[PDB]
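Everything below concerns the one structure shown next.
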Amino acid sequence: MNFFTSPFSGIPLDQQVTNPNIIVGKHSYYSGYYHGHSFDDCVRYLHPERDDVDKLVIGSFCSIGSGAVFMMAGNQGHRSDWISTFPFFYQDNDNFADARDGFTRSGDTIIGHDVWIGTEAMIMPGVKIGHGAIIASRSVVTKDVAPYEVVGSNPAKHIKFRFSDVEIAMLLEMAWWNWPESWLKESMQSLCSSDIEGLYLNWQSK
Amino acid sequence: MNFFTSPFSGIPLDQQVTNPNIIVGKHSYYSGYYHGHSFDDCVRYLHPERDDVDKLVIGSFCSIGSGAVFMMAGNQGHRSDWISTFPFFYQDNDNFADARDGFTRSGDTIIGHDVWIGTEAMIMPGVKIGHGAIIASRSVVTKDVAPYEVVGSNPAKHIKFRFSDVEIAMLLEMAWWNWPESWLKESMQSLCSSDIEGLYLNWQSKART
Amino acid sequence: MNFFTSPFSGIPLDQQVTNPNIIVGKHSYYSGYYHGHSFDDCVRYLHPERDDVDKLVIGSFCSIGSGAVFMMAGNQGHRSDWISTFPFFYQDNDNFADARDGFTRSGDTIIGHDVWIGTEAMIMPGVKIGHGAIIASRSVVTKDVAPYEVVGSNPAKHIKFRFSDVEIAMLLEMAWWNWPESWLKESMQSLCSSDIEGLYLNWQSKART
Ligand SMILES: [Cl-]
Ligand SMILES: [Cl-]
């Protein structure tokens, strides 16, 4: 009936991602009890058979909320710049035999490290989301998001940056997500804190 | 249960619609794999047997994405201009005996030809969407949309027009969705192009004589 | 296995809430045929066993549309002011021992009386909504809403006040939702009307000193 056993269940991406065209880092998870399905069906219209289509890549340590949507397959065959958006080429009717293929790639959808995707946000094809970003709930993300940026609304718009500029530089330098597991245990208390200038030296001195 | 067998499955509306108050043109289709239900349950609160309610009318060659919503039954009995929006008339309670019917109709929801309605868009009661319009995904459409206009956001607002004013007028005179099917089969390459000028000249030489 | 019988079936909240941390007033009803589930699953991430968590309080005579969402559990353990939004504390992996709890409560979500919550609206944690308010369909409510204020969009913003300042203060003072049943029953016509001042003057004469 329901993939998730409880509303607070958070199952890792790699544990449930079966689509070969979906690339997830470890520890990233999706908690979708309230929509009933595994992460595969958050990723819409991604052919598992082909290697010419746009791919979805998600980094490590991401948190994805229930009913988030990753729209793939570009324009789905609709060319708004042609006379008609109706996709003749893909409809079965002999009257449509001379139709042209309106499908166009958008590029891959790139989801960086440590990014928080709010429940029921929708990510449009070919969006790039930088490290440490926050997509508010119900956002409709139509443009790239810069690292540690917070966006929300429909369409998604700049709300704020999580940290100061020199602080974002510091975090993208050490890139804590790339560290070995034995190392993470030790800086955990600094990670669960605001002391950005602080942890910048424990990585630097070592 | 999923009505559709694959995400790319798109069934013509006239194959799945059962509600006598839903009127759909040829070739229009709904691809609702990701919301499970067939197109009927896209049309919310439409009494299927009464003949005195707002109807949903959809033209031909329309593309409707998954979980699109068409809100019917007007204000559903809720009067914001009355002291309370609670619909006393429609709740079973002997103390609500002298309530008044707050139900108000909005008029038909009319979607024209060659309209693209994005996934999970919500159309409010009484909205008219003209030919060739595009409703971005997740739009909440609260007022009418002109021909060949693109709108999005919540509430939906103008994004752009697909073509120049002259070209829009040209397309509406041609009304290719109404052409004989032989003309449509012959024009299929032009229709999958931006060449309005050429196709309009080709139509005139066929239809002006 | 839908919980509601027809699209028009609105079931009183007090007849379908099991979470001890959801408290509902009389006559308030949820109308959720098009999302299938009972009202409990509208209220998300609300621990039902604990009493140190944010609670949901809903006045009487509220109308709640299908698939409305009430976000509880505050920030869910994600602290945007910490270096990482990833909730180490709640991740069960062995590496994450010296993790710290990032959960922060938002305070109770409070819905006054006579509130109309449009379908598929989402109320954020800790939000208070005053009596007589209207939340438009698909609203994302991030801020408090005043009595008899109409809001909508994502995030929700002021649209209008339903009535004048005088009329609103009259309504908050007379508090018709708290009236004995017999007063409610005999005022049913006035309530299905816009004559606040007239009702106010009657309420004064029946209730003063
Ligand atoms: Cl929205
Ligand atoms: Cl939605």
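Every number here is computed from the coordinates shown, using simple stated rules; none is lab data. For neighbour counting, all protein chains shown are included, and Cβ atoms are generated from backbone atoms with ideal geometry for every residue, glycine included.
Here the contact order of chain C, divided by its residue count and restricted to Cα pairs under 8 Å and six or more residues apart, works out to 13 percent. Considering chain C, its Cα convex hull presents a mean projected area of 15.2 nm². Here the Karplus curve 6.51 cos²θ - 1.76 cosθ + 1.60, taken at θ = phi - 60°, turns the phi angles of the stretch A:131-148 into couplings of 5, x, 7, 10, 9, 5, 4, 6, 4, 10, 8, 10, 9, 4, 10, 8, x, 6 Hz, with x standing for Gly and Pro. Mean partner shielding of peptide B:70-81, defined as the number of other chain Cβ atoms within 10 Å of each residue Cβ, is 3.
The share of C-alpha pairs in the stretch C:93-209 whose separation exceeds 22 Å stands at 48 percent.
Assign one of three labels to the stretch C:100-159, namely rounded, prolate or oblate, based on the Cα gyration tensor with a ≥ b ≥ c the square roots of its eigenvalues; rounded applies when a/c is under 1.5, prolate when it is not and a/b is larger than b/c, and oblate otherwise. Prolate is the answer for the stretch C:100-159, as a/c is 1.5 or above and a/b outweighs b/c.
For the residues of A:41-50, the average number of beta carbons from a partner chain within 10 Å of their own beta carbon is 2.
Highest mean packing first, where packing is the average number of other Cβ atoms within 10 Å per residue, the peptides A:51-63, B:14-26 line up as A:51-63, B:14-26.
In chain C, taking the dipole from charged Cβ atoms about the Cα centre, the farthest positive-side position among C:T104, C:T142, C:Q76 is held by C:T142.
Using Cβ contacts closer than 10 Å as the measure, can you line up A:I22, A:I135 from fewest to most? Result, fewest neighbours first: A:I22, A:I135. Packing, taken as the mean count of other beta carbons within 10 Å per residue, orders the peptides C:72-81, B:180-189 from highest to lowest as C:72-81, B:180-189.
Remark on B:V141: its backbone amide H falls under 5 Å from those of B:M122, B:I123, B:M124, B:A156, a criterion applied only to residues 5 or more positions apart or on other chains, H modelled at 1.01 Å from N. Ranking A:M124, A:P48, A:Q91 by Cα position along the charge dipole of chain A, where only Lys, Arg, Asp and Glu carry charges on their C-beta atoms, puts A:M124 farthest toward the positive end. Other protein chain C-beta atoms within 10 Å of residue C-beta, averaged over B:136-143: 5. Computed log10 I(q)/I(0) for the stretch A:50-147 at 0.20 Å⁻¹: -0.93, from the Debye equation with unit scatterers placed on every C-alpha and solvent omitted.
Counted over chain A with a bin width of 10 Å, the fraction of Cα pairs per bin, in whole percents, is 8, 29, 31, 20, 7, 3, 1, 0.
Peptide packing: for B:137-147, B:112-122, the average count of neighbouring Cβ atoms within 10 Å per residue gives the ranking B:112-122, B:137-147, highest mean first.
Calculated mean residue ellipticity at 222 nm for chain C: -4000 deg cm²/dmol, from DSSP H runs with n ≥ 4 weighted as -39500 (n - 2.57), summed, divided by the residue count and rounded to 500. Beyond 49 Å, what share of the Cα-Cα pairs of the protein assembly as shown is found? Please give it as a whole percent. In whole percent, the share of Cα-Cα pairs in the protein assembly as shown beyond 49 Å is 18. For the stretch C:39-78, the residues whose amide N sits under 15 Å from a probe point set 7 Å from the Cα of C:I110 along the beta carbon direction are C:54-60.
Compared with the dominant principal axis of the Cα atoms in chain C, helix C:196-207 is inclined by about 80°.
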